[PDB]
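Chemist: Quick one, what's the 3D model for this:
(one chain, ligands or ions: 2)
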Amino acid sequence: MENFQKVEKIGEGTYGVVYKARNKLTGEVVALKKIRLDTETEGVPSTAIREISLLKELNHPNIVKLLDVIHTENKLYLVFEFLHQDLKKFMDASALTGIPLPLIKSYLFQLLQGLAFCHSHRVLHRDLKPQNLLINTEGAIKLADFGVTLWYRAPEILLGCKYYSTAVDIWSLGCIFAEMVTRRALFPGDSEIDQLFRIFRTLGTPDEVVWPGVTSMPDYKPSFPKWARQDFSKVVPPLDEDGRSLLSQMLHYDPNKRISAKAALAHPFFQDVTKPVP
Ligand SMILES: OCC#Cc1c[nH]c2c(Cl)ccc(Cl)c12
Ligand SMILES: OCC#Cc1c[nH]c2c(Cl)ccc(Cl)c12
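Modeler: Numbers count the residues shown, from 1 in each chain. Ligands and ions are numbered 1, 2, ... in the order given. Take a look:
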């Protein structure tokens with residue numbers, strides 16, 4: 001578009017490419033997401049418009065602002081507020097020493113605030129990963145790029161549940177929390193079955209006892225191997241008992257037992273929370 005000048009590519013996803021760009025009218029630097037629209041959604045755009053309006057109405061300090069939506073030339077441009085660094089690049093830059101624990105806890109706390117807000121406005125992220133968590137110099141972190149890495153995918157999605165809940169975001173955020181702490185991805189699966197089996201090898205193969213209804217799920221197989229659960233003390237050292245307890249609740253198999261963002265905000269782990277400068 002004539003009012004935007006591309007500075008550089010900053011992201012790529014399934015639906016489009018993301019550029020740092022300058023808005024010639026406001027002088028502001030923005031993230032520009034370009035989506036090529038199929039003729040099917042152009043013919044029946046009502047659901048797409050409803051979902052994008054829900055994203056646009058989100059106003060929260062821990063959510064990347066959707067500034068403008070431009071429909072032109074069989075394309076949709078989403079104009080977002082711009083931030084300079086993502087958590088994946090920050091984790092990488094911090095890999096010799098670790099992100100300090102007060103900063104891990106501040107980031108976790110703020111993302112839970114963002115998710116509690118999304119979730120109470122019937123918005124799910126669906127694809128949380130370090131690369132779509134954006135950070136600034138003031139110690140803020142923000143959810144971006146609302147819904148190929150499988151590492152953060154909730155087990156109910158991998159088991160073919162079509163009608164999944166807000167609990168999928170809590171699972172992804174739990175995986176990210178473990179990763180900040182240990183400096184290793186929790187479940188680095190390279191296929192859906194390897195993803196599933198990595199979760200099973202750590203948390204135990206789920207059954208009807210721990211996850212009522214699991215054996216009736218679309219992609220559940222009786223022939224899944226049966227692994228015993230490991231202790232969290234070997235999974236996320238040196239996280240303290242408050243952190244381990246919180247993580248265990250974020251990684252409950254049953255989506256209905258998994259902690260909500262709002263209840264996680266109240267966990268004793270956040271008793272000493274502060275907002276450090278990275
Ligand atoms: O938010 C204003 C708007 C709009 C749209 C017009 N056509 C669309 C298609 Cl095909 C997809 C998604 C959107 Cl938001 C629009
Ligand atoms: O689609 C993948 C992506 C991305 C983004 C990278 N940087 C961003 C900023 Cl600064 C704002 C908004 C988005 Cl979606 C991205």
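Chemist: How about the contacts made by the closest residue to residue 84 other than its chain neighbours?
Modeler: Nearest non-adjacent residue to residue 84, counting by C-beta to C-beta, 6 or more residues apart in numbering: residue 136, 7.1 Å away. Yep, even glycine has a C-beta here, placed from its N, CA and C like the rest. Residues near residue 136 by C-beta atoms under 8 Å, 6 or more residues apart in numbering: 83-85, 142.
Chemist: Tell me the span between the first and last residue of stretch 11-21.
Modeler: This stretch, stretch 11-21, spans 12 Å end to end (C-alpha to C-alpha, to the nearest Å).
Chemist: That stretch near ligand 1 anywhere?
Modeler: No. Shown here: stretch 11-21 not in contact with ligand 1 (C-beta under 6 Å from any ligand atom), separated by at least 11.0 Å.
Chemist: So is that stretch next to ligand 2?
Modeler: Yes. Using C-beta under 6 Å from any ligand atom, we find that stretch 11-21 touches ligand 2 at 11-13, 18.
Chemist: before we move on, what about stretch 140-151?
Modeler: Yes. Stretch 140-151 is in contact with ligand 2 by C-beta under 6 Å from any ligand atom, via 144-145.
Chemist: Alpha carbons of that stretch, in PDB - could you do that?
Modeler: The C-alpha trace of stretch 140-151 is given here as PDB (Å, rounded to 0.1, in the frame of the first residue of the first chain):
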ATOM      1  CA  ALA A 140       6.800  -5.300  29.300                       C
ATOM      2  CA  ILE A 141       5.900  -8.400  27.300                       C
ATOM      3  CA  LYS A 142       2.900  -8.700  24.900                       C
ATOM      4  CA  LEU A 143       0.900 -11.400  23.100                       C
ATOM      5  CA  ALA A 144       1.200 -11.000  19.300                       C
ATOM      6  CA  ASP A 145       0.200 -12.800  16.100                       C
ATOM      7  CA  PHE A 146      -3.000 -14.400  17.300                       C
ATOM      8  CA  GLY A 147      -4.000 -17.600  15.500                       C
ATOM      9  CA  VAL A 148       5.500 -25.200  11.700                       C
ATOM     10  CA  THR A 149       6.300 -25.700  15.400                       C
ATOM     11  CA  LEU A 150       4.400 -28.300  17.400                       C
ATOM     12  CA  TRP A 151       6.400 -27.800  20.700                       C
END
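Chemist: Residue 62 reaches residue 135, doesn't it?
Modeler: No. If you go by C-beta atoms under 8 Å, residue 62 and residue 135 don't touch, sitting 11.0 Å apart.
Chemist: Show me which of the residues of stretch 11-21 next to ligand 2 are buried.
Modeler: 11, 18 (16 or more other C-beta atoms under 10 Å).
Chemist: Let's have the residues of stretch 11-21 next to ligand 2 in TSV, adding secondary structure.
Modeler: Compiled in TSV, the residues of stretch 11-21 next to ligand 2 are given as follows (DSSP: H, G, I helix; E, B strand; the rest coil):
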residue	secondary structure
11	strand
12	strand
13	coil
18	strand
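Chemist: Nearest residue to residue 122 in space, please, no chain neighbours.
Modeler: Nearest residue to residue 122, sequence neighbours excluded (C-beta to C-beta, 6+ apart): residue 54, at 7.2 Å.
Chemist: Which element, helix or strand, includes the one you found?
Modeler: Using DSSP states H and E, residue 54 falls within helix 46-57.
Chemist: Of all the residues in that helix, which ones are buried?
Modeler: Within helix 46-57, the residues that count as buried by 16+ other C-beta under 10 Å are 52, 55.
Chemist: Residue 6: neighbouring residues, count only.
Modeler: Per other C-beta atoms under 10 Å, the neighbour tally for residue 6 reads 12.
Chemist: Partner strands of the helix or strand containing it, with direction?
Modeler: Per DSSP H and E, residue 6 falls inside strand 4-12. Applying DSSP bridges to the sheet, strand 4-12 is found paired with strand 16-23 (antiparallel).
Chemist: The partner strand: what's the following helix or strand?
Modeler: Once the chain leaves strand 16-23, the next helix or strand it forms, by DSSP H and E, is strand 29-36.
Chemist: Just the CA coordinates for the very next helix or strand once past that next one, please, in PDB.
Modeler: Sequence-wise, the next helix or strand downstream of strand 29-36 (DSSP H and E) is helix 39-43. Extracted C-alpha coordinates of helix 39-43, given in PDB (Å, rounded to 0.1, in the frame of the first residue of the first chain):
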ATOM      1  CA  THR A  39     -11.900 -16.000  -3.100                       C
ATOM      2  CA  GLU A  40     -14.100 -18.300  -0.700                       C
ATOM      3  CA  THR A  41     -13.500 -15.900   2.300                       C
ATOM      4  CA  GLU A  42     -14.000 -12.900   0.000                       C
ATOM      5  CA  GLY A  43     -17.400 -14.400  -1.000                       C
END
